[PDB]
Amino acid sequence: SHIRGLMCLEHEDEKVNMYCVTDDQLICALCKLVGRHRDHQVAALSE
Ligand SMILES: [Zn+2]
Ligand SMILES: [Zn+2]
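Here it is as structure tokens:
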């Protein structure tokens with residue numbers, strides 16, 4: 168059983184990675200690699 172999670176919207180076989188503070192919208196690694204969220208701002212490790 169595994170019908171829970173906060174993966175990407177377009178990427179079903181890819182779980183999120185962090186939160187883009189610039190655009191203010193959660194994203195994944197595939198977005199930071201395929202998309203344009205590579206030079207954007209994020210937050211690693213919940214303070
Ligand atoms: Zn994605
Ligand atoms: Zn972004």
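Here the sequence shown is numbered in the authors' numbering, starting from 168 and rising by one per residue. Here a beta-carbon is modelled for each residue, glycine too, at the ideal position from N, C-alpha and C.
- Ranked by Cα distance from residue 199, the options 214, 181, 172 and 213 are led by 181.
- Looking at the DSSP output, residue 187 bridges to 192.
- The beta carbon of residue 175 sits no closer than 6 Å to any heavy atom of ligand 2.
- Beta-bridge pairing by DSSP links residue 182 to 174.
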